[PDB]
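Below you will find one chain, with nothing else, as structure tokens; this is the form deposited in one PDB entry, and questions on how it binds or moves follow later.
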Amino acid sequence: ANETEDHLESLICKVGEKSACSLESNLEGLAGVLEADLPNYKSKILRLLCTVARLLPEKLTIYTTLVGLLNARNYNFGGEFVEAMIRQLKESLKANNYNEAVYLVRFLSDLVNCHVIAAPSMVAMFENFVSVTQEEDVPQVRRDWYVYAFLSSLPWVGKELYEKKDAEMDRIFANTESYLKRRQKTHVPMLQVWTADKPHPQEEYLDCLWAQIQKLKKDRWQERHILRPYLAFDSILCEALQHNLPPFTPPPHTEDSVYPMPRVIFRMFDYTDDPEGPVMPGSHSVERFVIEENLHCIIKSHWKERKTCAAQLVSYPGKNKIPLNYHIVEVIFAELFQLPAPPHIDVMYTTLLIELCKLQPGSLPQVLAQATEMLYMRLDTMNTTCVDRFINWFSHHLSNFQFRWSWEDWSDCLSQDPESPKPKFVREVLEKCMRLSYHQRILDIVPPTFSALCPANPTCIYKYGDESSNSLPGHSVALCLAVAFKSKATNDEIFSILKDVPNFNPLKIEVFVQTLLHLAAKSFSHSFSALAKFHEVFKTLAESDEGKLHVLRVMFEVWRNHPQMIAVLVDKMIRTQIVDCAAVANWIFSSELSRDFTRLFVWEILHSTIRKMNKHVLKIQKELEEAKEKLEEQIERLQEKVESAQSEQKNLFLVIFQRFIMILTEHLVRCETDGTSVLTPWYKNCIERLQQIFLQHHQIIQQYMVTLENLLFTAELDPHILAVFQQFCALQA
């Protein structure tokens, strides 16, 4: 009999959604409908409007109005709605859903211009929001937020919110002005997309928003983009009688509170990029913040469905005509490049863009190609982490569009140092495209002069093959093994041949890996099953860390002309425990990989290795979390396993760092003794990579503060390095 509960949830949403009638009528109509259904049970229409208040920000103003019309028809409704709101907000903060909580605050605020909440009533709490910046021994992050929650609402509620407490909103201003200037900015460098202050400065979020409020204040709190549904409802809204928000005291900081990490605004567009057409709001104007905040919110909702998401985006409310295409794209890349991590999964953006191009063939294409060009051109100061993502995106994007690109536009890189960003880009790009197809196809799609930066071929390197260098030890052992594998030999039949080898055995390994990878070099299918069949041989040969390292050494020596292969193997190698994480670490930081140390695949692996470690811990955490919820000597077994699962996880990061400091201080003291430049293409990558570790796996790392802080990153450490650790700390402080 809940057919009424279904129709309602529908009618609620159906108003914000497009229609063949004015938004006013839909709200007016929806009014009597819901009102007519209050005696005929309220509770639902209550828990409904509250949801739209949080999970449907992009439709903010529209639902605040609905709630308005209801107020101006039933005082007692708005009073139980606002009674609900705060309580909801009171639950959000405790669960630490600050991103969501700001949506409420922004709603409640708007309600003030809807004759529902008392103009002063809201400033009352807003004062308490700013008053937390006075609290002692509490992470800056908490402070930054409450200030965020405020300032951000103001582009809405402030126009009519300054007809009052302008006596206090001059106080709250100066109080937020002081704290704003007394805030450490340690993070910014680790969070910037580019380091170039030109042509678009990457500004801190709160340091940028303040610049958008000021433009508002001096413009008398007058904006030109937020649609007010209640402009044609002033007549019915005035006689409505506002409500009072009881005293609000922000939940005290506890060792159980988690606050949003600081963010740096992404800026790559201004009105001059698009000359002909509508004028894009300025970087410091509020409009811009508005559209961007809403677009981020549009994809926040319908990301799961790329097809719908396109439309919801292309058909945005935009009060004053804006250049949506550039705003859309700019917001996508803004998310894709969002350091540390994007809000969604990288691949999602790739596909979405493709959908957009399908939806608007006439406009979106041209822009994207213009955005690519720009992104490339500014490459030099771009942060590596973003670069990878860039490289990862485009290639994929090209694979859906017959690898068609006017490369000759980037003919400027051919005349640059290979270690330089721009050319390095095209390189890593093509290299990835090959894997999406085959090495030959790439040679036909690129210009003759770019042939140089083209991918090496996936040629296997068999040290003991057609090599006439018989002067190499264990030469025959491999040849005998060779025939052994071909004849369907077993482990014991393979041990036999190997027992007759001269010298953990450096040589016995070499002749094994090399030989098995050569007959299994054809496909990924063979190489695996091979590793699997003679798994016992592997696990016997590499029973030491020195051996586990060697395996990888030879393997690389064999497939150094085929990364994807190197990657897939290391993966399957650890999953079957033929090699562990620690080994792959000392291998990634080994002298054999120094000439490739800056190439993508390298770190890709290192991360694969890490994720697999990260996933491992979590699993054993859930298997123990489920176990306890119930012979049980299983819990003893698991508990003991968690201990070991973490221990190895700690060691991992401990290694990746210790080694990272080793190859850094090594370069810092070098350019100091010779007097050479520190900013080397290799230093850039190396140093920022150390940053990428701190950025992707921050969550876990915080667990070794006692160790990192006092042991691995102390004063004596060069400032350029320590900087990144102190940066990393700026996220949770």
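Sequential numbering from 1, following the sequence displayed. Shifts are known only where both forms have a C-alpha. Between two forms, the rigid core is defined as the largest C-alpha subset superposing within 1.5 Å.
The following text describes the form deposited in another entry, which does not appear among the structures shown.
- Of the candidates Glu136, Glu636, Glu276, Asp492, the Cα that moves 2 angstroms or more after core superposition between this form and the one not shown belongs to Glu636 alone.
- In the core-superposed comparison between this form and the one not shown, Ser469 has its Cα shifted by at least 2 Å.
- The protein segments that move between this form and the one not shown, counted as runs of at least three consecutive residues with every Cα displaced by 2 Å or more relative to the fitted core, are 16 to 18, 467 to 471, 621 to 629, 631 to 640.
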